[PDB]
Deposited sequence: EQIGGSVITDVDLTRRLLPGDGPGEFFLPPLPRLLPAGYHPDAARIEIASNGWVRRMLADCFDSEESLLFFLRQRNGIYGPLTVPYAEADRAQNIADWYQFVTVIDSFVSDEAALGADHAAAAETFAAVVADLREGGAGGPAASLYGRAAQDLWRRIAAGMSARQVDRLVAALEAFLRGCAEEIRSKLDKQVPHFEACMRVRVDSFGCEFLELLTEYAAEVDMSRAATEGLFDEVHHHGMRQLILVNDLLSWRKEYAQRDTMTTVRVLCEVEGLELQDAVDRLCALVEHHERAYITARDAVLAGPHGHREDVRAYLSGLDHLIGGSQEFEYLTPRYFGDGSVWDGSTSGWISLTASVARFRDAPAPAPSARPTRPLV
């Protein structure tokens, strides 16, 4: 096996800012995870393992421009989806199997839209979902709440089902599963805009295609240690195309740059076009800029990817152990 690969400097063209309250939001998010989601963990050990991933600072890194309340709401949302994704591992815990998922999660979310706790199916996470719905729905248009309903249903269905021929079919499945519709809706929420109409008309089809593909590729690169040990572009290149790891990494880093520059081109085309003068469109596009820059800053930071025990030292390029329990970028092999 390789045991060690080199991650070169990535373009990092887009703003990566921290919310002015990022450190405090991470702690208050951690507090909310204990209060609302403790029962999803089989012990204090498992909860703290999760809290050590610092998932609570993702929100403030993606929406550094947002009002503190909305930044807290998004930080708690992302911890919530990560807990349910990673730690709610039983059809009993989630409230449905793959068979029952559709009509079950339709009724859970129907109940949440009404201000309830999503009923017996949602027993270990419905108080959590209710608290987030209360906070977030209040600052959303009714169209946005329709979209949140569909987004949360798909997410829980996606979870129930979880219990390639080529690279592009990998990209298609990574895009369908990354939660892009959530990210897009929450970007609108943070920026206090409603892009519901412009988005159905396809104004953002190109910026979303490149934006989300950049997010996914950066994520596949920085999550490769975690995934190697457990559906990802790195695995497709190595196994389906038979590339050496370093060649796969080099290919994916160049692909990050392709989609990053193409995102900027496509964003600039909307800014130059007949909706580009609109302030809400500008605010949304700045939102996506900070989501893309901030997600990558977050992905360097998290012990979810560098191993429980790791503490980021700010290094972003160099040699990294594929296998070691705890990793960091070293300036030599």
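Enquirer: Missing C-alpha coordinates: which residue stretches of the deposited sequence does that apply to?
Expert: In sequence order, the gaps with no modelled C-alpha are 1-21, 185-191, 259-261, 365-377.
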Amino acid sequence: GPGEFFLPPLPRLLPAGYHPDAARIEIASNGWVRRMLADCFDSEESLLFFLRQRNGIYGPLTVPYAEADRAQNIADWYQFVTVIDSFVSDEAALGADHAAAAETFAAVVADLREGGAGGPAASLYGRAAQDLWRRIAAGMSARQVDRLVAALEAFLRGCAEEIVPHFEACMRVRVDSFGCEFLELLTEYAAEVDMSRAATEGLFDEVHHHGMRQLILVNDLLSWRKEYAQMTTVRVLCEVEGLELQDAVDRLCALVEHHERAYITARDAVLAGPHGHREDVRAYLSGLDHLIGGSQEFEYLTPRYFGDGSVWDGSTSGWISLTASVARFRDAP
From here on, numbers count along this sequence of modelled residues.
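Enquirer: As stated in the PDB record, which stretch has the larger average Cα B-factor, 318-326 or 12-20?
Expert: Comparing 318-326 with 12-20, the higher mean C-alpha B-factor belongs to 318-326.
Enquirer: Where do the C-alpha atoms have the higher mean temperature factor in this entry, in 268-276 or in 51-59?
Expert: It is 268-276.
Enquirer: From the list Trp133, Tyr78, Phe167, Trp224, select the residue with the highest C-alpha B factor recorded in the entry.
Expert: That would be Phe167.
Enquirer: Among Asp250, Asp205, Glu184, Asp111, where is the Cα B factor highest in this entry?
Expert: If I rank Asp250, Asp205, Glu184, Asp111 by C-alpha B-factor, first place goes to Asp111.
Enquirer: Could you look up the Cα B-factor of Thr82 in the entry and say which third of the chain it sits in: lowest, middle or highest?
Expert: Lowest third.
Enquirer: Test of reading the entry: by CA B factor among the chain's modelled residues, which third contains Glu192?
Expert: Middle third, going by the recorded CA B-factors of the chain.
Enquirer: Split into thirds by Cα B-factor across the chain's modelled residues, where does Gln246 land: lowest, middle or highest?
Expert: For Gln246, the deposited C-alpha B-factor lands in the middle third.
Enquirer: Thinking about Cα B factors across the chain, which third does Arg172 belong to?
Expert: Ranked within chain, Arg172 CA B lands in the highest tercile.
Enquirer: Relative to the other modelled residues of the same chain, rank the CA B-factor of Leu217 and answer lowest, middle or highest third.
Expert: Ranked within chain, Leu217 CA B lands in the lowest tercile.
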